[PDB]
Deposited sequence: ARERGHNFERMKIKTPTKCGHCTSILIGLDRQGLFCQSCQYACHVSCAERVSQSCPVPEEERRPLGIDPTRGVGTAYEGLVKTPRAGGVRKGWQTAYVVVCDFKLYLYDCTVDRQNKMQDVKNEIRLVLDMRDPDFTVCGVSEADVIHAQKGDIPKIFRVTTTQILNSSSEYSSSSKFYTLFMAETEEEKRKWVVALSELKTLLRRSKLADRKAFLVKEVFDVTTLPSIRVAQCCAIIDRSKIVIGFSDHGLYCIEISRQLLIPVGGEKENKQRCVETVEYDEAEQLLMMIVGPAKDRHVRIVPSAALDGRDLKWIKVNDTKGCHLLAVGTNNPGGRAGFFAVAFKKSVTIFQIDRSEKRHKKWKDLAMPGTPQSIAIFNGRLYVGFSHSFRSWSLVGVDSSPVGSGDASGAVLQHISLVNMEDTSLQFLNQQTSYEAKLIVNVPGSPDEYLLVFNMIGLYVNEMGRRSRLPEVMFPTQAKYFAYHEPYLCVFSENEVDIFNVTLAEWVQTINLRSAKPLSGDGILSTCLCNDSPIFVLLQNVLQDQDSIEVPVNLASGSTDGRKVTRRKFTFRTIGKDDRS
């Protein structure tokens, strides 16, 4: 029988069992080597076991076309077209960079026909004012994600075919697939709608916003690069310096977390040369003069974590990360509202930090470790090196820890999210699911909003249901960047001007914040 091995796929490659491209940045499928068969880890279980072996409209799986097109360089048609490699797969368009002929297995753009606003058509000269006249009949335009409530509103991508005849082929072939998909009546698995909240006229300070957190439906706080922390009462349309104006003069607020049970705001403050942590009672949200409390000996910090799901709802901890150590601080009811609890030496430089369920979690390059904070000292790796299927992590030099998720619905299971993969382990540190979450493109940011992992890249946010280990949505946005720790409040460019968007969970019966209606 086959001798499968986890393989880094170097070029866009169809699964031998289902024909879908093996997307991802690392370990994208299994490869046999005895017979050269390549396939998804999840597909291997149904491949014939005899080794040299002799778009699906329902389930929505399969590669349909693999071709070359031209597409504008980053910046527009005025600067010229460049040859790219397009794959139509799983009712999606995969755009790849290429060089005439070396194609890497990194997608630069995904266009999902499951998008409510997917359309493809030709263009008039007014839609592409800069294309050469003789080129207009060769160009087609694909539309996807609409930004609701916007003040244009839709993500558009232009492709130029080699002939007008090939252009019409492209338009017709993508339309028939969209129509096939619509008729297939596949369940809607999308996670988010995108809603514009503020633009540069309603929030001119948007260009220097660095972070934000939700207080409740009616108000958020936003940290700015030079003006501190402000509380926005959205419906009242009011901008209130947290702790008063004196506290927010020439103050650089880089991150902000809100602890609702304890009524505390916790911040990484400062220009790089005096980065440190400050916390303040959220009574300060109303603009009263109230001095932000300095957390002593947090200079040079690079991460801050406030604990969630504290056991029994106790006040709990926050932790500050340094280059080779972490300090844990206990929240309390004294004047300072906190106290140093414990210094922890770290095996390497923390790359991610979190506290939840009474445990501290720190990620490094190729591991995560946890320290129990209840019953206290006791360090536990989340990867048991007696699991032969996990030993590959020690042999990695390029991995970076991003975040860890306790899987919703699987309390004894964790998703370890690296720059390259998402890996599932149980509480013993052994592998708990054979397939690994793949990301189509190199991520610029990761955020998590239960149960959705949100992976931000240049042209889209890709959404993963952590419970199902399923890629459920592609949200095309231009240079999206999360503002809140959980990403659902983000910024992005709309007609090259910055806007503030909410990623609204379509399963809720009300928006996460009150959205002002844009008319």
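Which parts of the deposited sequence have no C-alpha atoms in the model?
Unmodelled stretches: 1-4, 59-66, 113-118, 170-174, 400-413, 557-582.
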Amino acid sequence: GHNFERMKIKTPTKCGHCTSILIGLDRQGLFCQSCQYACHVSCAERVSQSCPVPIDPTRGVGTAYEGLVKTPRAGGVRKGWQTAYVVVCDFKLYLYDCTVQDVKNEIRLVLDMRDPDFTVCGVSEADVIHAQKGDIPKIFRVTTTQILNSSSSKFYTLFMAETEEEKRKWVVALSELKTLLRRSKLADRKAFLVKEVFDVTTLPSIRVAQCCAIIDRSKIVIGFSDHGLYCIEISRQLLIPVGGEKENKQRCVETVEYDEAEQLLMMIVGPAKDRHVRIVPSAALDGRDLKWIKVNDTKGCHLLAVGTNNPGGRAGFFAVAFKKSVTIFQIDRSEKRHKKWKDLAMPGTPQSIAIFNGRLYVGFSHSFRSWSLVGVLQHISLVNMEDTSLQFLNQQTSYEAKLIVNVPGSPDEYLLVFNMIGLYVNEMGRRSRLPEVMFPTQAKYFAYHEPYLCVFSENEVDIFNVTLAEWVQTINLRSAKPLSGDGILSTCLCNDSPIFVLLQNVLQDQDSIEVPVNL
From here on, numbers count along this sequence of modelled residues.
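Per the record, averaged over C-alpha atoms, which has the higher B-factor: 177-185 or 331-339?
Comparing averages over the C-alpha atoms only gives 177-185.
Highest mean C-alpha temperature factor of the two stretches 352-360 and 155-163, which is it?
It is 155-163 that shows the higher mean C-alpha B-factor.
Identify, among 50, 467, 459, 28, the residue whose C-alpha carries the highest B-factor in the deposited PDB entry.
Among 50, 467, 459, 28, the PDB entry lists the largest C-alpha B-factor for 50.
Selection from 210, 309, 378, 441 [criterion: highest C-alpha temperature factor in the record]
Of the options given, 378 has the highest CA B-factor in the PDB entry.
Residue 33 by Cα B-factor - lowest, middle or highest third of the modelled chain:
Residue 33: CA B-factor falls in the highest third of its chain.
Quick check on the deposited entry: does the C-alpha B-factor of residue 504 sit in the lowest, middle or highest third of its chain?
CA B-factor rank for residue 504: lowest third.
Looking at the C-alpha B-factor of residue 143, is it in the lowest, middle or highest third of its chain?
Its C-alpha B-factor, which the entry lists for residue 143, ranks in the middle third among residues of this chain.
Using the B-factor values recorded in the entry, state whether the Cα atom of residue 59 falls in the lowest, middle or highest third among the modelled residues of its chain.
For residue 59, whose C-alpha B-factor we compare with every modelled residue in the chain, the answer is the highest third.
Quick one: classify residue 302 as lowest, middle or highest third of the chain based on its Cα B-factor.
Ranked within chain, residue 302 CA B lands in the lowest tercile.
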